[PDB]
Every structure is written in structure tokens, then in C-alpha cells.
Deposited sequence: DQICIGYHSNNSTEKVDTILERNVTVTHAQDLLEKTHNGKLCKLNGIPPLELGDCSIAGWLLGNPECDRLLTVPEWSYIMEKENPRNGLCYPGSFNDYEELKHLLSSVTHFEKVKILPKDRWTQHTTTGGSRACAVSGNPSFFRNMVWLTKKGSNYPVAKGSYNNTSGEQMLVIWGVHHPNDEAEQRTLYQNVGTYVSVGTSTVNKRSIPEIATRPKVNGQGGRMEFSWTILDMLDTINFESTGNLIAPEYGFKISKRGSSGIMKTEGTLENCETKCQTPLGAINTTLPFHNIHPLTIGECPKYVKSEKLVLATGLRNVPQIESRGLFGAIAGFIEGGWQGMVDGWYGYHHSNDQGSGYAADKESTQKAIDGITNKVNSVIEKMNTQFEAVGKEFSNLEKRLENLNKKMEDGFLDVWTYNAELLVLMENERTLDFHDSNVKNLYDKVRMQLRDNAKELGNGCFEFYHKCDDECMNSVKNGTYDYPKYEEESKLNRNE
């Protein structure tokens, strides 16, 4: 008659990591890292994104003739842009505060083009100007959303234009100034010398003087156009005045939707899916709390860590019994492969029956503790750092370096935190299982007191031939020492 104490064993092959030891096989393990994507760009919560193709943001907003499919655009969830777009400013020039405009657009979802200064209103100027830089079917053309004002006949009168915003939302207005390359061009276009362009709102006051200089030919042109933008508030008016060199707007952009969006730098095309998280390399469909695909992300999906494997050890160490009679063994030499009922067991051999009964109170406590540990580990890492895309100009290298260093540092800190937490928790889990088995064995030894012959394999042979009910009493904790101690003493005295 003997009750033996041991633990569970199975045929799992999962391997976890520990600070003191690597390459450790366990019974059950939980994976927290997702490393798979479908590699396709597609729709976020039913709203397709805005595909710019070979066009840039400036080329879309100004109305490049090549970007003629973006004249009217529906609601979008994010914007696809290429690293080096081909169709930008067809006429060579610059764009003031381009990165600030992109940052503002990174949180706008829909637009609404409003005709604020119709082309027919300029009855004292010529509005059919064009250039060969932006040519359609050989003939010269121009930006579709802007008007090029030139002299009519031989005089260029003072040009005035105003607009009072009553559209119900904030508005985006873009204008420009032309810089010719010689006085002959200036006289043949505007007939005046010493011109100015003045723009004035309630908070904006600018005066621009054109600069005439010789420059290298870009797109076959020596001149340049400089573009500026502003945000017009509700019930606020904008005023234009110029004696020449004014590229007046015709359309204003009204902010309609607003929301959470972004500009994603990719070179792919939109496919047919339905996803919830989108990365530049692909989409993610998972319920795991971590991922290692790309730091930049639009939507809702797990956090980012630079790790290759994050596995949490939930079960016990997998060391079997190493492959005739009386081999009931114990937890000293290994686990039991034939329990499959619980975690810590009470294998027994009574004079009439034998079995592999499993404990219930200790297993429940261990499971509750492990589940609490897993939940705490997950809940400690939902306040991580999220990266937001930003763009910088050629003369903003210090700021770009600062941003990159900040992002990299925070990412490294959080990765280190996650790895250290997983390793330490694995160590404590294995120690916890060993301690629980030892505590069970010690409690049974204390209860059995003297009427037991401890064998050293992990279990003890009784000094009395006590039946089942005695043994369920031992397992339950209600073993009565003086009930049957006289017979045990008599048997031991032999």
C-alpha cells in the first residue's frame, strides 16, 4: 500500500527561455508575438484609401494635368504616396511649409472643393495662359485649380479679389507668385516692372516681390513659381491685390470629415480585402498582444517590439520517466505520462485497486495564479509608445535626427522591458511548480507522521493495511492518527 506524488507529462515540444537556462521544453506555452502578414494593401473598416499613384500631395492639390483622376475624391481612410513621385510641380518651383501642410492633412478624412473665385470674374485680364512644362496632347496647359493672370492688350490693371468664408467649416487656400528669368519675359507677360503680390486675412499679412534672375533650366524652363497656403476660419475674409506675377486660386478646399488617418509611403497598389490594421508591408489579422512587422501602423492592432520570439511558460518542465514490476516511481525521477487528468497527482496502489487520481485544490490554485500572472503581464503593456510619421525638409536635419533617436530609444526601452519580464516570469513559474510539488509531498509526510516508511523514490509505504476510505481521507486532509495507530505500531514492532 503506497500513495505516490508526481506531476503531469505529455508529448509537447514547445521551448521557452530562462535567465539561468536556455532550450527548455515545457508542457503548455503561450505565444504573445505575431510575425505574419498577407502582404497586400487594402481597405480599413470598409473605407478604401486614397491612391495617389505617381502624383504627390502638391500635384494633387494644385491640379496637375497628369493627376486628372483626382479632381473629385471620395472619403478615405489613409493616403498612399511613393517615396519619389514623378508628377509633382510640372512648372518648376517651391512650396512653403509643405511638411506642415502634410502634418495637417494627416488628420483630415474628406475634402469638398468650393469655387470661390470663378475664372470668368477677371474681365480685365487674360486667363488662358499656359506653359509647355504641363502639356496635354502637345498643347500647353496649366494647373487645373489655379488661374494664371496675364496682360490683356497692352495694360495690366490692378487685380483685386475677396472671399468671405460662409461654407460652415475651415478652409484651405493656396496661391502663388511667379519669378521670371529676364526682363523681356516680365514685359511680355505683365507689361509692368516693380510689381507686388499682397495677401491679407485677419491673421495673415504677406507682401511678395518677384525676383528676376538667371537659373538652370528645369523641365525646359528658367522661371520658378513659389506657392503659399493658409487656413481660413469661419466668417473670415481673404483679400488679394497685385500689379502682376499673381497665380490666383479658383478652388478652395473645405474640411468636411476629420478623424484619424495618415500618409503611408508605399509603392504598391490597392487590393480587395477587409482589414483592421494596415502596415506598409501588409495587413495584420491577429488577436495577439504584440507584433514585429513595422513600427508605422494605421488602425487598431498590437504593439511593436524588435523581438523574434516571446513565449511565456505556462505549464511544467517536460522530463519523462525514462521508459518491469513495481515501477510506480515518483516525482524524484520524473513526471507521469499517464495522468492526463490534472497537474499534480496522487498515484496509489491499494490492496484491491490502483489508479492515477489527480489533485484538485492545488491545481486550481496554480491555474488561478498562472492566469493572473499572464493577465498582469499583458495588462502592464497597453500603455506603450506609438510612432507617428512625420516629414522634414532638407534644412531640418537636426529635428529629423532628434525624432528618429527618440522613436528608436523608446522602442528599445519597451523591447528590453518585454524580454526581461518574460524571462523572469518563466524562471518564477518553473520554481513555482517545483515548490508546489514539494509542498504537497511535505504536507502528506507531515500528515502521515510515523505510520509510514518513506522510500526515497517520492512516496511512502504504509505500516497498516488501510483501505480506500483511509486513502481518500489522506488525500482530503482528514487522516486520523490515533484511529489506527496501535496496529501500525504493532506491525512496525515486528
Note to self: Need the unmodelled segments of the deposited chain, numbered from 1, in order.
What the structure shows: 324-326
